[PDB]
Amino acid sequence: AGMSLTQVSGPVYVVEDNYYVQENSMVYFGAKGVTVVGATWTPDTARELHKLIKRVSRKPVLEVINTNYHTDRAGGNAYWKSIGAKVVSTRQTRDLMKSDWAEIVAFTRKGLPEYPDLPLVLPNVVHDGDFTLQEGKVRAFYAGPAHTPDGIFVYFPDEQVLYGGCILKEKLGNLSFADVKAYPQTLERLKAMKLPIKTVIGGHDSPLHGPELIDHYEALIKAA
């Protein structure tokens, strides 16, 4: 289908969003409500994800995290705000979105002319540091610049699942916004945290991998 939502471990689900360039995002089904990690490409793809969420749980969608300021992680924001969900990001992501949204939309449309000219929709919950949701079961952190200056990781300690949004994936992908020399330093900072990881979900290409996706991508970026 256009979008799928599949259980990875317990309350942790992976979204495969096949619109435009395939992007993978996360959903966490909590006791009081649902957290979406990555807003998906557009308001219409966000509505498609909501439809799948509502076949799994009746609990409200409480918040959606923009793991960077780009279209594939924040494009759905209009829809999520419209249904009362908070849109959550770091201060750095929010500030880059304000100044650079028009630029990323135009860049996205160069490769994907069919992609809509979406108006700016900013996060309404903004964090100055690392942060958690779902009583500490969803943990968002910054470990330096990589694919964009602002990209964050989201870790799910109970399930030992790491999501890196656009940072981790199978193919080199698009480096036009990246800090190529810092990229492996950020991945090494991440590895030095020694997080128990069983599963890494890539933000593009096939989602399900083990911890070695980090090493895979590190080696690719060091050759770029």
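What we label the rigid core is the largest C-alpha set whose atoms superpose within 1.5 Å from one form to the other. In case it trips you up, residue 1 is the first one in the sequence shown, and so on.
The rigid core fit leaves 172-180 as the farther-lying stretch in 4 other deposited structures of this protein, judged by Cα positions and set against 25-33 and 172-180. A summary of the deposited B-factors shows that, of 190-198 and 66-74, the stretch with the larger mean C-alpha value is 190-198.
Relative to one another, 110-118 and 149-157 have unequal mean CA B-factors, and 110-118 is the one with the higher figure. Within the selection 36, 175, 168, 49, the deposited Cα B-factor values reach their highest point at 175. Residue 53 sits in the lowest third of its chain by CA B factor, as recorded in the PDB entry.
For residue 180, the recorded CA B-factor ranks within the highest third of the chain. Only modelled residues enter the ranking. Among the modelled residues of the chain, residue 23 sits in the lowest third by CA temperature factor in this PDB entry. Looking at the C-alpha B-factors along this chain, the one for residue 89 belongs to the middle third.
Per the PDB record, residue ranking by Cα B-factor puts residue 207 in the middle third of the chain.
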